[PDB]
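Here is the sequence, then the experimental structure:
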Amino acid sequence: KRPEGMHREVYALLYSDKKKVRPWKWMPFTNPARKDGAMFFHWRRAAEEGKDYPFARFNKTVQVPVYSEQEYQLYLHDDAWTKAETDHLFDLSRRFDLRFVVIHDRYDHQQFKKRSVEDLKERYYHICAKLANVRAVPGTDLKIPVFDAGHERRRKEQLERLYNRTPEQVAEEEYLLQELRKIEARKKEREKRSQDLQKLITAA
Amino acid sequence: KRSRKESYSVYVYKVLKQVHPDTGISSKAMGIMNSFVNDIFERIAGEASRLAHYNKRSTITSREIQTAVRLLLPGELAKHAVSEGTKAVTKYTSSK
Amino acid sequence: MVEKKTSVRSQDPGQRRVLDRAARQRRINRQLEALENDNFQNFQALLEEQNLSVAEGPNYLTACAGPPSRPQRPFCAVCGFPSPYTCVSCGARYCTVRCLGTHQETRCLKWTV
Amino acid sequence: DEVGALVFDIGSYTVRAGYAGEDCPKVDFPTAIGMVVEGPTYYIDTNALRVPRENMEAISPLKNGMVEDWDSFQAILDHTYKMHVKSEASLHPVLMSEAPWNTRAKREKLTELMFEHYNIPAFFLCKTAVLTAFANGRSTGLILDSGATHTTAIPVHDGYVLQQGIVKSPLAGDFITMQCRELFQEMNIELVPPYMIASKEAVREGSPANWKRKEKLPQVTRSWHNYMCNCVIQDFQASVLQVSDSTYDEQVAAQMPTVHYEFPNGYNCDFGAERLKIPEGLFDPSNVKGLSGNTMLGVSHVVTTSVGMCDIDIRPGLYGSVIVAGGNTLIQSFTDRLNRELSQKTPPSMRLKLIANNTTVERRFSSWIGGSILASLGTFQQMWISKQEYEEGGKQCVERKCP
Amino acid sequence: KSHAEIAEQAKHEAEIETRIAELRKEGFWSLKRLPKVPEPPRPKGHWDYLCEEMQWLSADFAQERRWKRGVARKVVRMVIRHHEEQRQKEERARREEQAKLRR
Amino acid sequence: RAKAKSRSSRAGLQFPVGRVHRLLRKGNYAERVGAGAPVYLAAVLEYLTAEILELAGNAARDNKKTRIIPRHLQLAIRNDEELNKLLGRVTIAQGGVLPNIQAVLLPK
Ligand SMILES: Nc1ncnc2c1ncn2[C@@H]1O[C@H](COP(=O)(O)OP(=O)(O)OP(=O)(O)O)[C@@H](O)[C@H]1O
């Protein structure tokens, strides 16, 4: 008699063609990446209670040079910037990881004169350059192409005219756009075609 | 207004990338890889079709599919194909 | 949930087609040169100036000792201990069932291309 | 990463509270809580708050999204701690939302109040825009929030708010509430809040209600009565209002379908074009009788102004990541109309994209959800203002730590 | 061609004029994009790790919410099926009685 | 409802069971397809695809090429004893042939 006893399809295919004792625990842990010794609490197994935190490696502080008072006074001095005016920039640099689209917005415009993004960037960069220059001799790569502010002030600007163009220059420009082809076709398809026809009729 | 045409390229690269992690496959070679799949699909389905019709049956089944794979693929080719499919049907009806 | 490897089904050895004889030699040779290889895990210049140095007189090429009188000893290659066994396919040696398992899973047939 | 910690989102209209890592807040309750100067006694759960009471204040502690009544704010947090969370504050770190325009004095006062009154182990004060960005899975984007009190566009770039890019407008849920008041008055509707009705009978469309008033009602004060009526009005806003898919057209709005509605006393009627005219004031305030003036910016214009005040280099990101929040954004066709007008007025040089969240919890409580996700990361467990930061640096630590 | 093309081409010459005018007015294109960017990027950075990890965890949160809503809905559907089976129970008893009549 | 699981996944295949069964449902290959036919057919289809992709890639490596060309297919399907049989009456475009030079046509 047919043994079967299993699933119909599988059966036909086969025959027709013959204690955990690992207690988790609510646990205190200190993050070695912190300097304040703050104790937090965590949901860890029993077998790892006491190991160091695995998220302290995700702490790569952005590097920013730290000029000293003497050093600043000698070389970083700038007639248009005061020390109170310059230390603030680097503090914002560090607290915002050396990003200058968010350093600007939080600039202290009450004690401080209004600066664009480009001037702040150039200022911090000349400061970094001269900080490394105090070293210089210790192979301090005096080849730094510090951010161009002039060309770049422009380059910011000559995007802005093209940013807010309600029609014409956004719309009507299509015309001139097509003209780029026409101006690049019909002139040579004109003066050159004429000269070729003059030679062709000269030989003719 | 699109005219999209289907092909097997997405699953022949899953299987190839898995059975040759470092080896790629050219577009022209994937065309052959697609035509091969469609050809064998046609062959096995046609033989299962005939199998069902010979026994006066209106339905092509996986049992007929296995017998068509026994008829189509040569000895080893068959054995491996039959084993692979047979084990894929018991991994599917066990609700995994 | 599922056994979660039938999707990749890497080896599926119904068509295994063992690698043998000269292929073993290739592997042996490869391993030798790898043990002779360098930092990356000029050699062409070395081979070139060595092929300039070919001659029958006493020189680099003719300074090779040769085969040893004391016969080759077996070692396991997974843990390096003396090995009573040989792998039937590739000929590499091992000393336990466990070691054969690891070898079959990582070094048998997989690095012969 | 995820520790027993409390997430608070204190909106102008409702407060949300819960634990880290939940999909939704543990509790949500009205911010405009009830009070009687008995010290004073407070009511927050809607069951005690909707009782017609021998005396009433309906105090509403926040002004323009910022704390002004610290006593009622403290009472709210006390009641939240021991009515819904029911846990000792000294055990759980606290992550709390704030308006992007909140002043430093408020931040410091909240810090010292949290550490002295609630003895908490750690603190983190974060702005609604950044929380909403985290909730929507982006580090950069324009956060538009159309809340009860004001509609605000706040650019977040690389996780930080751009103060120079903040744009705010009073066109908001309270303005819609005022418009509903005016429309009901012009329709001569007998708006009756739910607490007053003992029983009622059915009446025909447009006919006055047939109802009995409760006999035990005390002499309630004007503020609480206004609050209750405004609750009915905001239910009407959910029930009836709909933004015109395009610029309001009286002819089209006359062709649009009606929506039937009933007020608590039983008065019931169909609403037509008017239910589309009210929300139009959010998008073009020029045609808003009684609120004439070109200084007002509508939702779409709030957005475009906010992005336009930023650097042109980050405008592509902001327009490509418009994240829309706030309860008013739940109005039918609100997001479609916003997308249409922004597609018309965004410069062709840049992609426009609105993030596609639609659920009530999403649209409103994005800030709380942002707290929930943010409090659940290892990289965030080093950003806390600990009790030691406060004991050493004092109340000012919140200025030196997270923006 | 035709000598009449003098007019057409003259119109094209006017197109050049407007071109020139517009090029004096504002220009056709935002030429010379980012010629000079000396700022070196960070190694990877703490804030970027936070952004990356929240990129992952937001998708995880969305998947979990979607999954649990679907799970709840299919538990509702499964219990609906169980209840209508707890009425097919009565039907099965009635059908067994009819089978008893037939027996 | 429940998170939808596909049919290639439950079985554990790469080739589309949905698409395979689909060509079958509206392919008139039969009249009422069951619930195992597409699974078996796709499994074996993709098995042969793997079987060949193997030999093709191996010959490719023999040629010191990382991309399988149709040559890596002619050479393979003619190099394997049973693939050649299965694909005996099949020409592979741009594959070539194998350098089988008759012994009697050689230098003597
Ligand atoms: N379902 C709904 N449909 C339409 N509008 C609604 C709906 N629910 C609430 N609103 C409107 O949203 C307003 C409340 O919005 P919301 O709850 O987002 O504000 P909030 O969180 O207190 O704001 P903020 O954080 O800006 O202070 C209510 O006044 C009402 O006008």
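Perfect, I can see it now. Residues are numbered from 1 along each chain as shown, chains lettered A, B, ... in the order given.

what's the longest helix in the chain?
All of this is about chain A. helix A:117-135 (DSSP state H).

that's the wrong chain, I wanted chain F
Longest helix in chain F, counting by DSSP H: helix F:37-62.

That helix: how far from the chain's middle?
Put simply, helix F:37-62 sits 4 Å off its chain's centre (CA atoms, centre = their mean, to the nearest Å).

Neighbouring strands - and their directions - for whichever helix or strand comes after that helix?
Later in the chain than helix F:37-62, the nearest helix or strand by DSSP states H and E is strand F:67-68. Strand pairing for strand F:67-68, using DSSP bridges, gives strand B:24-25 (parallel).

Could you list the contact residues of chain A toward chain B?
A:7, A:9, A:10, A:12, A:13, A:14, A:16, A:17 (CB under 8 Å from any CB of the partner chain). Where you see a C-beta, it was placed from the backbone N, CA and C, and this is true even at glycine.

now, which of those residues lie close to chain F?
Answer for the residues of chain A next to chain B near chain F (CB under 8 Å from any CB): A:9, A:13.

what would the residues of chain A next to chain B look like in CSV with secondary structure and neighbour count?
CSV is the format used below for the residues of chain A next to chain B (DSSP: H, G, I helix; E, B strand; the rest coil; neighbours: other CB atoms under 10 Å in any protein chain shown):
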residue, secondary structure, neighbour count
A:7, coil, 15
A:9, helix, 21
A:10, helix, 19
A:12, helix, 18
A:13, helix, 24
A:14, helix, 16
A:16, coil, 11
A:17, coil, 13
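
Mind putting the residues of chain A next to chain B into a markdown table with distance to residue D:77?
Formatted as a markdown table, those follow (distance: CB to CB, whole Å):
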| residue | distance to residue D:77 |
| --- | --- |
| A:7 | 60 |
| A:9 | 63 |
| A:10 | 62 |
| A:12 | 69 |
| A:13 | 67 |
| A:14 | 68 |
| A:16 | 73 |
| A:17 | 73 |
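
Out of the residues of chain A next to chain B, the closest to chain C would be?
Minimum distance to chain C across the residues of chain A next to chain B is 15.2 Å, recorded for residue A:10 (CB to the nearest CB).

could you measure the nearest residue to that closest one once chain neighbours are set aside against residue D:142, distance?
What sits nearest to residue A:10 in space, not counting adjacent residues and going by CB to CB, 6 or more residues apart in numbering or on different chains, is residue B:90, at 4.6 Å. Distance, residue B:90 to residue D:142, using CB to CB, to the nearest Å: 54 Å.

Give me the more crowded residue out of these two.
Using other CB atoms under 10 Å in any protein chain shown as the criterion, residue B:90 and residue D:142 rank with residue D:142 on top: 31 against 17.

The more buried one: what secondary structure?
Taking DSSP: H, G, I helix; E, B strand; the rest coil as the rule, one finds residue D:142 in the strand state.

Help me confirm that it comes into contact with residue D:304.
No - Residue D:142 lies out of contact with residue D:304 (CB atoms under 8 Å); the separation is 9.8 Å.

Have a look at chain B and report its longest helix.
Chain B, longest helix under DSSP H: helix B:27-54.

Give me the phi and psi angles of residue 104.
As the question left the chain open, I've gone with chain A. Dihedral pair for residue A:104: phi -60, psi -60, per degrees, to the nearest 10.

Would you quantify the distance from it to chain C?
Applying CB to the nearest CB, to the nearest Å, the value for residue A:104 to chain C is 46 Å.

Skip the chain neighbours and tell me the closest residue to that residue.
Closest to residue A:104 by CB to CB, 6+ apart is residue A:117, at 4.9 Å.

And residue E:77, by the same measure?
residue F:1 (5.9 Å).

In this structure the residue nearest to residue A:104 contacts residue D:310, no?
No - the pair residue A:117 and residue D:310 does not pass the contact test of CB under 8 Å, sitting 10.7 Å apart.

Can you find the residue of chain C that comes nearest to chain F?
Closest point on chain C to chain F, by CB to the nearest CB, is residue C:6, at 3.0 Å.

That residue: how many residues sit nearby?
19.

So it: helix, strand or coil?
coil.

ok, it touching residue F:10?
No - the pair residue C:6 and residue F:10 does not pass the contact test of CB under 8 Å, sitting 9.9 Å apart.

between the two, what contacts are shared?
residue B:91 (CB atoms under 8 Å, 6 or more residues apart in numbering or on different chains).

Correct me if wrong, but residue E:91 is in a helix.
Yes - remark: residue E:91 belongs to a helix, assigned using three-state DSSP.

which other helices and strands contact the longest helix of chain A?
Other helices and strands packing on helix A:117-135, by 3 or more CB pairs under 8 Å, 6 or more residues apart in numbering or on different chains; DSSP states H and E, are helix A:83-95, helix A:100-103, helix A:150-163.

Just send those helices back as TSV, with mean neighbour count too.
Listed next are the helices and strands packed on helix A:117-135 as TSV, based on neighbours: other CB atoms under 10 Å in any protein chain shown:
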stretch	mean neighbour count
helix A:83-95	16
helix A:100-103	20
helix A:150-163	14
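
What is the burial count for residue E:25?
For residue E:25, using other CB under 10 Å, the count is 11.

re the thing from before, not counting its neighbours along the chain, what's nearest the residue of chain C closest to chain F?
Per CB to CB, 6+ apart, closest to residue C:6 is residue F:12, 3.0 Å.

can you count the residues close to the one you found?
Counted with other CB under 10 Å, residue F:12 comes out at 22.

Contact residues of chain B facing chain A?
Counting by CB under 8 Å from any CB, chain B sits next to chain A at B:62, B:63, B:66, B:67, B:70, B:82, B:85, B:86, B:89, B:90, B:93.

In chain C, what residue lies closest to chain E?
For chain C, CB to the nearest CB, closest residue to chain E: residue C:1, 13.0 Å.

mind listing what the closest residue to that residue other than its chain neighbours touches?
Among residues not flanking residue C:1 along the chain, residue B:96 sits closest, at 7.9 Å (CB to CB, 6+ apart). The neighbourhood of residue B:96, defined by CB under 8 Å, 6+ apart, consists of C:1, C:2, C:3, F:10, F:12.

Great, nothing more from me.
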